[PDB]
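Residue numbers (PDB author numbering), protein chains in the order written: chain E, 20 to 205, 209 to 227; chain A, 20 to 226; chain B, 20 to 205, 209 to 225; chain C, 20 to 205, 209 to 228; chain D, 20 to 206, 209 to 225. Single-structure report; data block below.
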Amino acid sequence: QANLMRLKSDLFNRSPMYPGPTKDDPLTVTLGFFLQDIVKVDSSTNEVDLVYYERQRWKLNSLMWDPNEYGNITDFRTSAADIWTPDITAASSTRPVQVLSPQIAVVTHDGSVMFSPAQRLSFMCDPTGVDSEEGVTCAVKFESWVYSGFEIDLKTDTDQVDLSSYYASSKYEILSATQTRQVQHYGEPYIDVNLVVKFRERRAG
Amino acid sequence: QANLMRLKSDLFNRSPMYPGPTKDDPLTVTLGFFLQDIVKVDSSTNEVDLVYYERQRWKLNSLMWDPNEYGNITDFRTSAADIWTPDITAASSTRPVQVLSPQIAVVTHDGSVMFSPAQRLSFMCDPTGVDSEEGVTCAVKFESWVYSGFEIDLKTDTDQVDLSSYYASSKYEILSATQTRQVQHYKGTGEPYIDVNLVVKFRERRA
Amino acid sequence: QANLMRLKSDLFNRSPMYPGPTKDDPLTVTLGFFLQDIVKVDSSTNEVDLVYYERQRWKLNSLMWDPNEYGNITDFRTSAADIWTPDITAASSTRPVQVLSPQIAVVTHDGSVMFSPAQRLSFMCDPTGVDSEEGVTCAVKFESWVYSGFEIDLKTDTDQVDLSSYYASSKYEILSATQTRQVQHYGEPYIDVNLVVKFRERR
Amino acid sequence: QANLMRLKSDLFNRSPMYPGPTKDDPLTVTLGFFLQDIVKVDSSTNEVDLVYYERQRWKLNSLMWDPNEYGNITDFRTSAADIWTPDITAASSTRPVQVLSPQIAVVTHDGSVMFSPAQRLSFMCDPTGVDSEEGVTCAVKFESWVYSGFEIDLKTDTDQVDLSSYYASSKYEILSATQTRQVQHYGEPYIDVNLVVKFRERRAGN
Amino acid sequence: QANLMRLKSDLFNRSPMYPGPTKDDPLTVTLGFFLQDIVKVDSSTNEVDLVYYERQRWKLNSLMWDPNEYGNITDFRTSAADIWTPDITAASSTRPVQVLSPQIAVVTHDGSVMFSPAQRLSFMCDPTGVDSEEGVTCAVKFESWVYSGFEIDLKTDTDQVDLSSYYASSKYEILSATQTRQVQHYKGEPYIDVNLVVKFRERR
Ligand SMILES: *[C@@H]1O[C@H](CO)[C@@H](O[C@@H]2O[C@H](CO)[C@@H](O[C@@H]3O[C@H](CO)[C@@H](O)[C@H](O)[C@H]3NC(C)=O)[C@H](O)[C@H]2NC(C)=O)[C@H](O)[C@H]1NC(C)=O
Ligand SMILES: C[N+]1(C)CCc2cc3c(cc2[C@H]1[C@@H]1OC(=O)c2c1ccc1c2OCO1)OCO3
Ligand SMILES: C[N+]1(C)CCc2cc3c(cc2[C@H]1[C@@H]1OC(=O)c2c1ccc1c2OCO1)OCO3
Ligand SMILES: C[N+]1(C)CCc2cc3c(cc2[C@H]1[C@@H]1OC(=O)c2c1ccc1c2OCO1)OCO3
Ligand SMILES: C[N+]1(C)CCc2cc3c(cc2[C@H]1[C@@H]1OC(=O)c2c1ccc1c2OCO1)OCO3
Ligand SMILES: C[N+]1(C)CCc2cc3c(cc2[C@H]1[C@@H]1OC(=O)c2c1ccc1c2OCO1)OCO3
Ligand SMILES: *[C@@H]1O[C@H](CO)[C@@H](O)[C@H](O)[C@H]1NC(C)=O
Ligand SMILES: *[C@@H]1O[C@H](CO)[C@@H](O)[C@H](O)[C@H]1NC(C)=O
Ligand SMILES: [Cl-]
Ligand SMILES: [Cl-]
Ligand SMILES: [Cl-]
Ligand SMILES: [Cl-]
Ligand SMILES: [Cl-]
């Protein structure tokens with residue numbers, strides 16, 4: 020307890036909070052999606068509701084420490100309010116994202132941060148053809164709302180969405196789910215991760 | 020990092036926040052709408068739901084700096100809570116506006132601020148005739164709720180609503196969408212009031 | 020900007036906030052309703068939903084200033100959190116009121132305050148007969164939740180509800196709409215403004 | 020204004036807030052319900068929605084003053100955040116209580132506090148038989164969530180729910196409505215107020 | 020009153036708040052569920068709604084005191100905001116949990132804390148077969164979202180969910196309800214959950 024309180028005091032009370040990236044000090048944020056359930060489909064509004072968690076990883080020099088100066092603490096947990104977090108936004112949401120997990124992040128001695136918010140998201144998707152073998156494909160882009168590619172670069176470690184927590188008795192079967200980095204233009211480049219999900223009705227009973 | 024922290028400290032910790040415009044120091048706010056989806060229509064209540072983002076631009080002397088004194092930083096991002104933002108309100112909404120984007124703004128060295136809130140809005144609209152070739156026209160005015168034309172002037176850079184992010188598989192097809200400044204008066208008052216009239220003509224998507 | 024920051028600093032940072040009226044220093048609050056839409060009717064629950072704004076006016080000595088000492092500023096806008104506001108409540112609501120406008124008020128050099136919250140309100144109303152020529156009448160009382168008539172007096176400037184922003188393609192046509200002060204008893211007297219609205223389905 | 024600001028300063032800024040009752044300094048909290056409407060019934064989930072206000076009364080030495088030292092002020096209004104309030108909870112709610120009134124209380128010179136929150140409550144109730152002459156009976160217990168009978172003694176002044184603000188054109192007619200203290204044992211006593219409401223669908227002719 | 024104000028001042032104003040457990044100072048949190056109602060079932064979305072309260076118990080050295088130094092006060096009540104609370108999360112919820120009780124905890128002189136939040140939870144559950152004698156079984160795991168088994172250990176005092184406040188006129192009858200500690204791994210570090218398993222049917 021004593022060493023951790025010291026470590027947190029040294030990192031957070033002394034310095035101001037990290038103000039975010041700039042053109043000369045850009046930040047790479049790595050995203051991975053863990054899809055849990057397609058909960059609902061609305062064919063009259065073309066809205067589909069997903070439950071997932073979203074692993075976010077980035078690294079800052081100002082959060083580094085030597086474990087030896089702090090009782091060999093290699094990492095700790097702290098409220099996401101205590102640190103800067105990236106402003107990752109679904110571009111085609113139709114309702115505010117509903118938060119399903121505590122807003123708490125893991126900080127490691129090398130300055131790495133891991134934050135895994137669980138979310139329910141309504142987004143624009145035409146479900147026509149969902150009761151077929153071919154199913155239906157829908158997509159939603161995740162991006163920083165305010166930072167260009169020169170400030171925040173997004174990437175994934177893998178192109179495959181993790182389906183290992185996908186609810187086995189969901190009304191919808193996942194045929195494929197990918198997560199792919201894209202470069203958009205508008209004067210200046212912006213980056214997104216395109217979440218593409220192909221699915222169909224699983225018929226039961 | 021070091022230079023940006025200094026710049027933010029110099030602008031925000033020293034001064035109080037901008038208290039808003041007055042009759043002798045008015046503010047011009049420029050609006051542009053980027054329509055993403057007509058999500059639903061309710062013909063039993065005459066409510067229609069829009070998803071859009073709304074680019075807002077204004078300029079303040081107290082947010083100016085010289086890039087040379089701060090490592091050639093020309094702009095930065097910061098929480099909208101750190102600065103004054105205009106109170107732009109839909110005049111004929113039927114539900115509170117739902118916020119769909121982070122409350123973060125871009126501040127430029129000349130004192131310009133750009134803030135682009137994404138929103139879902141329910142507003143008053145009779146959709147009768149939406150299932151026809153002519154479609155239906157609906158309108159909603161955006162205005163400062165509390166400031167007259169002598170304190171906040173609203174304008175647009177273009178009369179055409181940007182449809183470039185409009186959802187291609189929406190249930191509703193956009194036939195036209197305009198955004199037009201209007202000057203209103205009222206018989207007793209000694210002041211004009213300004214709005215931006217968003218006018219959208221649309222129909223159910225055909226086969 | 021500089022003068023306004025000074026004025027706000029002088030009024031708000033120096034003094035504590037106005038603590039509200041007392042028996043020896045009562046406050047008159049003037050109310051006026053501007054009805055925009057009857058949005059829906061629920062005949063299975065006897066709830067009706069109204070969209071309106073509500074102009075509220077009162078006056079306090081502690082908010083006065085001389086324009087000459089502050090660059091001829093005659094009035095300003097500020098967050099409703101920065102000042103005392105009256106706690107005007109619908110007596111027969113069935114859901115929390117939904118706020119449709121920024122919580123910002125206008126303060127004038129004489130100490131006058133004007134606050135105009137736009138609201139969506141669900142309230143108790145039997146709509147039976149709404150599909151007829153005579154239509155249906157419903158009423159809702161607005162009152163301070165906590166202050167008696169000896170602390171807050173409510174009144175209206177006019178008996179007639181302003182219908183000038185009423186939505187022309189509403190499903191419901193307004194036949195009449197009045198706003199009238201009432202005195203209630205239970209020992210101490212309490213004041214309300216009774217909003218009475220007669221309406222029908224548009225023909 | 021000047022005297023009231025002084026009085027509030029003397030009561031709130033000097034002392035810490037009242038930390039709540041203990042076994043050696045118990046508090047009596049009196050409840051009364053004022054039922055306004057049974058708004059809806061859901062026979063597929065056995066949930067019923069009530070609108071009411073709930074008058075809460077208690078008394079604290081630390082909120083006493085002499086009116087003569089403060090311009091003959093006998094009472095004032097203040098935000099419920101400025102004072103301790105009891106944690107009275109419906110035991111069988113199915114949704115968070117929806118607040119319909121400002122969170123403001125009335126404090127009197129003798130240290131009495133009156134707080135009257137208006138609420139919409141969804142609670143567990145089987146409405147089967149509501150469309151009959153006998154109607155249906157449903158009940159919900161109100162209790163302090165954390166305090167025993169040795170810390171908060173909870174009571175009513177009357178066993179009859181006040182129906183004087185009940186909406187005359189409600190879909191549901193109130194046949195009876197009571198509010199009755201129940202004192203339980205298990209060594210320490212635990213208290214609730216049982217709100218029991220018998221009602222039926224309003225009859226045109228029957 | 021005077022002694023309690025002193026005690027709270029000494030515990031909360033002097034020290035910083037407990038920062039949470041670490042690998043070298045782990046915390047055991049004991050959970051018990053008190054099921055009140057299965058309120059609804061949605062067979063078109065496979066969501067089921069439960070109302071329950073959840074007794075949570077843990078112990079911290081920094082919240083200890085000697086009753087003799089504080090007028091023989093053995094325990095007190097305080098806002099949950101005044102102390103650290105564990106971030107116990109339903110792993111398969113579909114909506115934010117709705118809070119049905121005041122956020123207030125009981126702290127005892129030995130440093131024990133008891134916190135009993137009442138909740139309405141929507142979670143993933145296929146109700147197909149609920150209208151039968153056998154009924155249907157559904158499960159939801161409760162876990163710390165952020166702490167491994169080396170920081171937070173979860174357990175139960177009993178394997179049986181308390182049904183003593185279960186609503187007698189619910190649309191759904193409880194056939195069985197268990198609460199069981201589980202140890203999970205992934206392809209390195211172990212994480213702990215309490216599996217709430219409920220078998221139920223439509224009331225006949
Ligand atoms: C708010 O309104 C006030 C009147 O409506 C303005 O007051 C005026 O300010 C002027 C500028 O300082 C004064 O001018 C001066 O006049 C006197 C003789 O009256 C001369 O001796 C001075 O030389 C002359 N100024 C100069 C620079 O030579 C006016 O006298 C004065 N009028 C009044 C009080 O009635 C305020 O300036 C105005 N505030 C603003 C615009 O911020
Ligand atoms: C479309 N988005 C992702 C959000 C809204 C928006 C609205 C805009 C804009 C860019 C953007 C972008 C996004 O937001 C930015 O502020 C931004 C964006 C992308 C790339 C950028 C940006 O600033 C410099 O380079 O330029 C003028 O109006
Ligand atoms: C609807 N708004 C934008 C706000 C509230 C309001 C309240 C009113 C009114 C018009 C308005 C308008 C608008 O906003 C004003 O603040 C305002 C408005 C119009 C005309 C005015 C105003 O103040 C003095 O004369 O007429 C009488 O009471
Ligand atoms: C009905 N209202 C408006 C709200 C709730 C309420 C509940 C009550 C009561 C008065 C009131 C009034 C209103 O609220 C007050 O607190 C109050 C009210 C009116 C007059 C008063 C009051 O306190 C002293 O004099 O007396 C007993 O139970
Ligand atoms: C339902 N209430 C009133 C509140 C919460 C609660 C939570 C519980 C419990 C009983 C209760 C009761 C009430 O609150 C208590 O703390 C309590 C209660 C009743 C009986 C008790 C208690 O502690 C020892 O014996 O048993 C296990 O977890
Ligand atoms: C699935 N959860 C509950 C949340 C997200 C997550 C994301 C992960 C992970 C584990 C977890 C777990 C849980 O959250 C943690 O932070 C965590 C978790 C389990 C085990 C752990 C953990 O940190 C060290 O050992 O390992 C790599 O990326
Ligand atoms: C921390 O690591 C060192 C290096 O091996 C180890 O010997 C020591 O036991 C650890 N810390 C403390 C406080 O003993
Ligand atoms: C506290 O405990 C002691 C030990 O029995 C007792 O004799 C004493 O009277 C108590 N004092 C107070 C202030 O409660
Ligand atoms: Cl940081
Ligand atoms: Cl500003
Ligand atoms: Cl004030
Ligand atoms: Cl108190
Ligand atoms: Cl703690």
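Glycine residues also receive a C-beta, built at the ideal position from the N, C-alpha and C atoms.
For the beta strand (DSSP E) that residue i lies in, which residues bound it at each end?
| i | result |
| --- | --- |
| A158(E) | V155 to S163 |
| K59(A) | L46 to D61 |
| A110(C) | Counting along the chain, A110(C) falls outside any beta strand (DSSP E), and DSSP gives it neither H nor E. |
Could you have a look at residue i and say whether DSSP puts it in helix, strand or coil?
| i | result |
| --- | --- |
| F134(C) | strand |
| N216(D) | strand |
| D172(E) | strand |
| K27(C) | helix |
| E210(B) | coil |
| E152(D) | coil |
| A124(E) | strand |
| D85(D) | coil |
| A196(E) | strand |
| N65(D) | coil |
| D101(B) | helix |
| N32(E) | helix |
| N22(B) | helix |
| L119(B) | coil |
| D43(D) | coil |
| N80(B) | strand |
| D129(C) | strand |
| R96(A) | strand |
Along the alpha helix (DSSP H) that carries residue i, what are the first and last residues, could you check?
| i | result |
| --- | --- |
| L182(E) | Unbroken run through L182(E): none, as it is neither H nor E. |
Using 10 angstroms around the beta-carbon of residue i, count the other beta-carbons present and answer buried if the total reaches 16, otherwise exposed.
| i | result |
| --- | --- |
| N91(C) | exposed |
| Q122(A) | exposed |
| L182(C) | exposed |
| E66(C) | buried |
| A137(D) | buried |
| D129(E) | exposed |
| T93(C) | exposed |
(Q) What are the residues in the segment 173-192 of chain E lying within 7 Å of chain D by C-beta distance? (A) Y186, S188, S189 and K190
Q: Mind checking the segment 30-57 of chain A against chain B and listing, in chain order, the residues whose C-beta falls within less than 9 Å of any C-beta there?
A: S34, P35, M36, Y37, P38, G39, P40, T41, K42, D43 and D44
Q: Determine which residues of the segment 57-69 of chain C have a Cβ less than 8 Å from any Cβ of chain D, and write them out in chain order.
A: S63, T64, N65 and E66
Q.
Taking beta-carbon pairs under 8 Å, can you tell me which members of the segment 76-92 of chain B lie near chain A?
A. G90, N91 and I92
Q: Select from the segment 112-127 of chain C all residues with a C-beta closer than 9 Å to any C-beta belonging to chain D, and list them in chain order.
A: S112, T113, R114, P115 and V116
Q.
Tell me which residues of the segment 148-177 of chain A have at least one Cβ-Cβ distance to chain B shorter than 8 Å, keeping chain order.
A. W164, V165, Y166 and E170
Q: Using a Cβ-Cβ cut-off of less than 7 Å, list which residues of the segment 191-225 of chain A approach chain B; keep chain order.
A: Against chain B - using a Cβ distance shorter than 7 Å - the segment 191-225 of chain A contributes no residues.
Q: Check distances from the C-beta atoms of the segment 130-141 of chain A to those of chain E and list, in chain order, the residues that come in under 7 Å.
A: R139
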